[PDB]
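Trainee: First the structure, then my questions, so here it is.
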Amino acid sequence: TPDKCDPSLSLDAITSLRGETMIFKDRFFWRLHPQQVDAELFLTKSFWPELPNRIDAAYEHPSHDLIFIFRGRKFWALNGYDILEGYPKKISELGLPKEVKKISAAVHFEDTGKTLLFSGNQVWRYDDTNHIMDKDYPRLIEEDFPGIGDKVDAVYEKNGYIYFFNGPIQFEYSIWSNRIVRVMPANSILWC
Ligand SMILES: [Ca+2]
Ligand SMILES: [Ca+2]
Ligand SMILES: [Cl-]
Ligand SMILES: [Cl-]
């Protein structure tokens with residue numbers, strides 16, 4: 001059982017599901033609402049047993065209302081409690097190289113059709129408009145987003161900002177000014 005305010009909390013992944021935020025930790029996930037209080041914790045397998053027990057990264061696709069879940073080399077598309085047919089797919093149909101096995105985080109920006117997947121120390125920018133990898137990548141975490149470290153454990157965009165969680169730390173980054181607006185404890189996403 002994950003501790004909501006263990007000031008040593010790191011997160012495994014983070015999406016948004018129809019304007020409801022989902023934070024994954026181990027075989028759990030916290031569900032958050034647009035308000036101020038409350039933060040439920042369910043088992044992941046309560047909702048989707050076909051999934052793995054650990055989640056590597058997660059992102060929501062706004063035009064399809066889908067959530068892609070990454071674990072090792074396989075990824076799952078999910079809509080509701082369902083799992084789209086044809087899944088789990090490999091991360092190969094994704095165009096990622098093969099010296100790449102894990103995906104640590106993922107964010108999709110509705111502004112550009114660009115899906116930002118991070119692996120180990122690099123990034124990769126897919127084009128979820130044309131299904132293509134923006135060729136000027138794999139850039140280094142350090143090169144593109146300087147300041148946040150050299151690894152991303154979870155990431156999400158709540159309007160304007162891209163939130164990077166590096167270990168027990170949260171960065172409120174500005175995609176437009178390329179500068180860390182503010183730094184916080186990872187668990188404040190859960191009000192702690
Ligand atoms: Ca992760
Ligand atoms: Ca994400
Ligand atoms: Cl996301
Ligand atoms: Cl993520």
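Identifiers in this document derive from the order of the structure tokens: chains are assigned A, B, ..., residues are numbered from 1 separately in each chain, and ligands are numbered from 1 in order of occurrence.
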Please return as a short mmCIF file (atom, residue, chain, number, x, y, z; two decimals) with N, CA, C and O atoms, in the first residue's frame the residues found within 12 Å of ligand 1, counting only C-alpha atoms and all ligand atoms.
Mentor:
```cif
data_model
loop_
_atom_site.label_atom_id
_atom_site.label_comp_id
_atom_site.auth_asym_id
_atom_site.auth_seq_id
_atom_site.Cartn_x
_atom_site.Cartn_y
_atom_site.Cartn_z
N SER A 10 7.56 8.56 -4.85
CA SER A 10 7.92 8.69 -6.24
C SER A 10 6.72 8.10 -6.93
O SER A 10 6.04 7.24 -6.36
N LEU A 11 6.44 8.52 -8.15
CA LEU A 11 5.27 7.99 -8.84
C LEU A 11 5.72 7.19 -10.04
O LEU A 11 6.79 7.46 -10.59
N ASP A 12 4.92 6.19 -10.40
CA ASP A 12 5.26 5.32 -11.51
C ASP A 12 4.81 5.86 -12.83
O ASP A 12 5.54 5.72 -13.83
N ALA A 13 3.67 6.55 -12.81
CA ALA A 13 3.05 7.11 -14.00
C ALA A 13 1.90 8.00 -13.59
O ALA A 13 1.49 7.97 -12.44
N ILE A 14 1.39 8.74 -14.57
CA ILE A 14 0.30 9.71 -14.46
C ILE A 14 -0.37 10.00 -15.81
O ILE A 14 0.32 10.32 -16.79
N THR A 15 -1.69 9.91 -15.85
CA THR A 15 -2.48 10.25 -17.03
C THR A 15 -3.54 11.20 -16.47
O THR A 15 -3.46 11.70 -15.35
N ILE A 23 -3.06 8.57 -10.91
CA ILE A 23 -1.66 8.40 -10.53
C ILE A 23 -1.35 6.97 -10.14
O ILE A 23 -1.89 6.45 -9.16
N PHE A 24 -0.42 6.35 -10.85
CA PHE A 24 -0.06 4.95 -10.60
C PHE A 24 1.13 4.74 -9.73
O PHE A 24 2.21 5.28 -10.00
N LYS A 25 0.97 3.86 -8.74
CA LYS A 25 2.06 3.47 -7.86
C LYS A 25 1.86 2.01 -7.57
O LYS A 25 0.89 1.62 -6.92
N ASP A 26 2.76 1.20 -8.11
CA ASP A 26 2.78 -0.24 -7.93
C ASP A 26 1.54 -0.84 -8.58
O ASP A 26 1.29 -0.63 -9.76
N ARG A 54 2.80 -3.81 -12.89
CA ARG A 54 3.48 -2.51 -12.83
C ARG A 54 3.32 -1.73 -14.14
O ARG A 54 3.30 -2.29 -15.25
N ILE A 55 3.11 -0.42 -13.98
CA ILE A 55 2.97 0.53 -15.08
C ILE A 55 4.25 1.39 -15.22
O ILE A 55 4.73 1.99 -14.25
N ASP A 56 4.79 1.41 -16.44
CA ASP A 56 5.97 2.20 -16.75
C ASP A 56 5.69 3.66 -17.07
O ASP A 56 6.38 4.56 -16.53
N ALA A 57 4.67 3.91 -17.88
CA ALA A 57 4.31 5.27 -18.28
C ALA A 57 2.92 5.24 -18.74
O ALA A 57 2.41 4.18 -18.98
N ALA A 58 2.30 6.39 -18.88
CA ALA A 58 0.93 6.46 -19.36
C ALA A 58 0.57 7.84 -19.91
O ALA A 58 1.05 8.89 -19.40
N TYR A 59 -0.20 7.84 -20.99
CA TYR A 59 -0.66 9.09 -21.55
C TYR A 59 -2.09 8.91 -22.12
O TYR A 59 -2.51 7.80 -22.35
N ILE A 69 -1.01 2.48 -22.16
CA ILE A 69 -0.23 2.07 -21.01
C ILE A 69 1.00 1.30 -21.42
O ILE A 69 0.93 0.30 -22.11
N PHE A 70 2.14 1.77 -20.96
CA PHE A 70 3.37 1.11 -21.32
C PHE A 70 4.02 0.28 -20.21
O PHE A 70 4.20 0.76 -19.08
N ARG A 71 4.34 -0.98 -20.54
CA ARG A 71 5.04 -1.89 -19.61
C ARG A 71 6.06 -2.79 -20.30
O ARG A 71 5.69 -3.79 -20.91
N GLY A 72 7.33 -2.40 -20.19
CA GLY A 72 8.42 -3.13 -20.81
C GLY A 72 8.35 -2.79 -22.27
O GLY A 72 8.34 -1.62 -22.63
N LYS A 102 12.61 -0.30 -22.03
CA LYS A 102 11.65 0.37 -21.14
C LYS A 102 11.28 1.83 -21.57
O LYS A 102 12.00 2.49 -22.33
N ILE A 103 10.12 2.30 -21.13
CA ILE A 103 9.67 3.67 -21.40
C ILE A 103 9.35 4.16 -19.98
O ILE A 103 8.62 3.49 -19.24
N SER A 104 9.99 5.25 -19.55
CA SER A 104 9.77 5.70 -18.19
C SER A 104 8.65 6.66 -17.98
O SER A 104 8.10 6.71 -16.86
N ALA A 105 8.26 7.37 -19.04
CA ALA A 105 7.20 8.33 -18.92
C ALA A 105 6.67 8.70 -20.24
O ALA A 105 7.29 8.44 -21.24
N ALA A 106 5.55 9.39 -20.25
CA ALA A 106 4.92 9.81 -21.50
C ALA A 106 3.88 10.90 -21.32
O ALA A 106 3.18 10.93 -20.31
N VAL A 107 3.88 11.84 -22.25
CA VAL A 107 2.95 12.94 -22.29
C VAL A 107 2.60 13.22 -23.77
O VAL A 107 3.38 12.92 -24.68
N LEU A 117 7.54 10.67 -25.47
CA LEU A 117 7.93 9.44 -24.73
C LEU A 117 9.40 9.54 -24.25
O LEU A 117 10.28 9.81 -25.05
N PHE A 118 9.68 9.23 -23.00
CA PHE A 118 11.04 9.36 -22.48
C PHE A 118 11.62 8.00 -22.16
O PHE A 118 10.93 7.16 -21.57
N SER A 119 12.88 7.77 -22.50
CA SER A 119 13.49 6.49 -22.16
C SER A 119 14.90 6.58 -21.57
O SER A 119 15.86 6.93 -22.25
N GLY A 120 15.04 6.20 -20.31
CA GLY A 120 16.34 6.26 -19.68
C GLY A 120 16.85 7.69 -19.59
O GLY A 120 16.57 8.40 -18.62
N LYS A 151 16.53 12.13 -16.01
CA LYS A 151 15.61 11.01 -15.96
C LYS A 151 14.21 11.51 -15.60
O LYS A 151 14.10 12.46 -14.82
N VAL A 152 13.18 10.88 -16.19
CA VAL A 152 11.77 11.21 -15.92
C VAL A 152 10.99 9.95 -15.51
O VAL A 152 10.94 8.94 -16.22
N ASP A 153 10.41 10.00 -14.31
CA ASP A 153 9.69 8.87 -13.79
C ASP A 153 8.20 8.87 -14.07
O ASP A 153 7.55 7.79 -14.08
N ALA A 154 7.65 10.06 -14.29
CA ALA A 154 6.23 10.24 -14.57
C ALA A 154 6.11 11.65 -15.19
O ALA A 154 6.94 12.49 -14.95
N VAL A 155 5.17 11.85 -16.10
CA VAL A 155 4.96 13.19 -16.69
C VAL A 155 3.53 13.38 -17.19
O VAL A 155 2.86 12.42 -17.63
N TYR A 156 3.04 14.61 -17.05
CA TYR A 156 1.71 15.01 -17.49
C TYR A 156 1.57 16.53 -17.75
O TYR A 156 2.33 17.32 -17.22
N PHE A 164 7.07 17.30 -14.59
CA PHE A 164 8.11 16.27 -14.57
C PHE A 164 8.30 15.86 -13.11
O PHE A 164 8.24 16.67 -12.21
N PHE A 165 8.34 14.56 -12.89
CA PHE A 165 8.56 14.01 -11.57
C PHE A 165 9.85 13.22 -11.66
O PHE A 165 9.96 12.26 -12.43
N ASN A 166 10.87 13.73 -10.98
CA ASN A 166 12.15 13.05 -10.97
C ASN A 166 12.32 12.56 -9.55
O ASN A 166 12.61 13.33 -8.65
N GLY A 167 12.09 11.28 -9.33
CA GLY A 167 12.22 10.78 -7.99
C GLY A 167 11.17 11.44 -7.14
O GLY A 167 10.03 11.65 -7.59
#
```
Trainee: So that I can check the secondary structure, give me every residue of segment 116-182 of chain A assigned alpha helix (DSSP H) by backbone DSSP, as a list in words.
Mentor: residues 141, 142, 143 and 144 of chain A
Trainee: Keeping C-alpha atoms, export the residues of the selection given above as a JSON list (two decimals), in the first residue's frame.
Mentor:
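Wrote result-v8.json, looks like this:
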```
[["chain", "number", "residue", "atom", "x", "y", "z"],
["A", 141, "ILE", "CA", 16.67, 14.95, -21.38],
["A", 142, "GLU", "CA", 19.38, 17.42, -20.33],
["A", 143, "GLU", "CA", 19.50, 19.09, -23.78],
["A", 144, "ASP", "CA", 15.77, 19.64, -24.36]]
```
Trainee: When DSSP is applied to the backbone of this structure, which of segment 8-110 of chain A are assigned strand (DSSP E or B)? Write them out as a PyMOL selection string.
Mentor: chain A and resi 13-17+20-25+28-32+40-43+57-61+66-71+74-78+89-90+105-108
Trainee: Can you tell me which residues surround residue 95 of chain A at a distance of at most 12 Å, considering only C-alpha atoms, apart from same-chain residues fewer than 2 positions away, and format the answer as a PyMOL selection string?
Mentor: chain A and resi 73+90-93+97-98+100+117+124-128+131-135+137-138
Trainee: Just how far from atom CA of residue 186 of chain A is atom CA of residue 168 of chain A, in Å to one decimal?
Mentor: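 One can read the atom CA of residue 168 of chain A to atom CA of residue 186 of chain A distance as 5.1 Å.
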Trainee: If you count only C-alpha atoms, which residues fall within 8 Å of residue 43 of chain A, apart from same-chain ones fewer than 3 positions away, as a PDB file with N, CA, C and O atoms, in the first residue's frame?
Mentor:
```pdb
ATOM      1  N   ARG A  27       0.754  -1.592  -7.818  1.00  0.00           N
ATOM      2  CA  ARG A  27      -0.448  -2.246  -8.331  1.00  0.00           C
ATOM      3  C   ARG A  27      -1.680  -1.416  -7.969  1.00  0.00           C
ATOM      4  O   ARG A  27      -2.837  -1.897  -8.069  1.00  0.00           O
ATOM      5  N   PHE A  28      -1.406  -0.159  -7.593  1.00  0.00           N
ATOM      6  CA  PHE A  28      -2.411   0.838  -7.225  1.00  0.00           C
ATOM      7  C   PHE A  28      -2.498   2.059  -8.164  1.00  0.00           C
ATOM      8  O   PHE A  28      -1.659   2.274  -9.042  1.00  0.00           O
ATOM      9  N   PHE A  29      -3.553   2.839  -7.986  1.00  0.00           N
ATOM     10  CA  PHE A  29      -3.655   4.089  -8.671  1.00  0.00           C
ATOM     11  C   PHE A  29      -4.566   4.966  -7.856  1.00  0.00           C
ATOM     12  O   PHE A  29      -5.387   4.434  -7.114  1.00  0.00           O
ATOM     13  N   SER A  46      -8.455  -4.182 -10.360  1.00  0.00           N
ATOM     14  CA  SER A  46      -9.845  -4.067  -9.972  1.00  0.00           C
ATOM     15  C   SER A  46     -10.553  -3.642 -11.280  1.00  0.00           C
ATOM     16  O   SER A  46     -11.600  -4.160 -11.630  1.00  0.00           O
ATOM     17  N   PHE A  47      -9.926  -2.702 -11.989  1.00  0.00           N
ATOM     18  CA  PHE A  47     -10.409  -2.140 -13.244  1.00  0.00           C
ATOM     19  C   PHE A  47      -9.982  -2.858 -14.540  1.00  0.00           C
ATOM     20  O   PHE A  47     -10.782  -3.024 -15.451  1.00  0.00           O
TER      21      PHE A  47
END
```
Trainee: How many Å lie between atom CA of residue 161 of chain A and atom CA of residue 3 of chain A, rounded to one decimal?
Mentor: 25.8 Å
Trainee: Between A:188, A:1, A:129, A:115, single out the one closest to ligand 3, counting only C-alpha atoms and all ligand atoms.
Mentor: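 Distance minimum relative to ligand 3 lands on A:115.
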Trainee: Nearest to ligand 2: which of A:179, A:158, A:74, A:64 is it, counting only C-alpha atoms and all ligand atoms?
Mentor: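 Nearest to ligand 2: A:158.
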